[PDB]
Structures are given as structure tokens and as C-alpha cells.
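# Coordinate inspection notes
Each chain, written out:
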Amino acid sequence: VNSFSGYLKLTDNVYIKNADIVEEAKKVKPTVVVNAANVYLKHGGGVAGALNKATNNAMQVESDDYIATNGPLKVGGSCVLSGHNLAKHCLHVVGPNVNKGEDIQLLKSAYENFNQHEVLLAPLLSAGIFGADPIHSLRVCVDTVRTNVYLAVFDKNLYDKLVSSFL
Ligand SMILES: Cc1c[nH]c2ncnc(C(=O)N[C@@H](CC(=O)O)c3ccccc3)c12
């Protein structure tokens, strides 16, 4: 039993809700919140911009130190950093950005990072400003993640399409 509330069960381990991931993180304080990161950990907009804003820019400060030490992530890769006031940890995961020409096949590699964590609160990777079809992203999530994932979909209209169209 965990604290996540109001989710629709899609499979044994994948759950979905129409919700704002920032507000959901502040309410649940999960062990892991996933950020929709880029390789530079520049959290300017989309999910990343919103999560960073909610930390009063502390996520960005920590991220800049991480990059100065380690260099950029790989597309499809991840790193674990602090969750600040939102969660114990933030798993920064880089899905391919279609608006940069990046191979959509890397979306599966990106979701594989979730399997290193027993339970996570997450967005659909490569959705929103990353330009991928959220229906495809959901299919990859369900077919790749084996740990317990609680997916937050900000847009009410998109959520209904994902549910109503889920196979
Ligand atoms: C851009 C942005 C800023 N802050 C955010 N917080 C959470 N999500 C998103 C985002 O891009 N969402 C996508 C996917 C989803 O509905 O989850 C979406 C799809 C259709 C219509 C609107 C938005 C953002």
C-alpha cells in the first residue's frame, strides 16, 4: 500500500492520473519523482521548468554543479539528484526530443532507467515540448517499465484520449 490516490490502473504495475506533477509531488512526497530532463540539465520549460520553479531554482543550482563535474548526460540516460522539497530523489531522465531530430527508439532506453526504482511518480517521457506522440510514449512505458509507475498527465483532454485509446 502506498499514498498515491485517484489513479486508474492500466496494468499490474502502471497507473495513470490527470494531474499536475508538481502538485502531486508536493502532496505525496514520493521516494522518486522523474524529471523530463535534457542532457545539459537546463530546466527551462515543460515539466523540467515547472519542477525547477517549484524548488525555487535549487534544482538548477544543483544540476549546474552536477554538469560542471560530470559533463552532459546521454540521450536515453539518467542521473539521480536531490528531490528538494518535492521528493526524496529526482531521477532526471533524458527522453529523445523529436524537435531536435533524436531517435525515437531511444525512448525505450529512457524508460529502462525507471526499472532501477521500485516506485516512481513520473511524466510521459518525450511528451509535451519534447515532441513525441504521448500515445506511443505510453505504449513504451507499459511495455518497458516493470516497477510501479504512477504517471501524471497534466492535460485533461490528452488523459482521456490515452485512457480511451489504451489497449
Ligand atoms: C509544457 C509544460 C510545462 N509544464 C508542464 N507540466 C506538465 N506537463 C507539461 C506538458 O508538456 N504536458 C503535455 C503532456 C501531459 O499532458 O502530461 C501536454 C500535452 C498536451 C497538451 C498540453 C500539455 C508541461
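Now for a description of the structure that goes with this document. (Residues numbered from 1 in each chain as written, not as in the entry; some residues may be left out. Heavy atoms only, no water.)

Time to look at the site of the ligand. Within the structure, the ligand sits among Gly46, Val47, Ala50, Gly128, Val153, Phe154, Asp155 and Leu158. Within the backbone of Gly46, one N or O atom sits 3.0 Å away from a nitrogen atom of the ligand. Note that an oxygen atom of the ligand is positioned 3.0 Å from one of the backbone N or O atoms of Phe154. Take the shell around the ligand: its biggest share by element is three residues, from helix α2 (residues 46–54). Residue classes in the shell around the ligand are distributed as five nonpolar, two polar and one charged. (Near = heavy atom within 4 Å. Polar contact = N/O pair within 3.5 Å; in protein donor to acceptor, adjacent residues only side chain to side chain. Helix = DSSP H or I, 4+ residues; strand = E, 2+ residues; numbered from the N terminus. Nonpolar A, V, L, I, M, F, W, Y, C, P; charged D, E, K, R; others polar.)

Turning to the side chain of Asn97, a few remarks are in order. In this structure, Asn97 sits in the loop between β5 (89–93) and α4 (106–112). Look at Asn97 and you get buried, because its relative accessible area is 10%. Once residues within four sequence positions are removed from consideration, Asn97 is found in contact with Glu102, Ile129 and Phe130. (Buried < 20%, exposed > 50% of the residue type's maximum accessible area, 1.4 Å probe, protein only. Contact = heavy atoms within 4.5 Å.)

Across five bridges, the pairing between strand β4 (residues 78–82) and β5 is antiparallel. Bridge pairing links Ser78 to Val93 in β5. Taken together, β4 and the strand that follows it, β5, pair antiparallel across an intervening segment of six residues, in which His84 is found at a positive phi of about 55°. (Pairing = 2+ DSSP bridges.)

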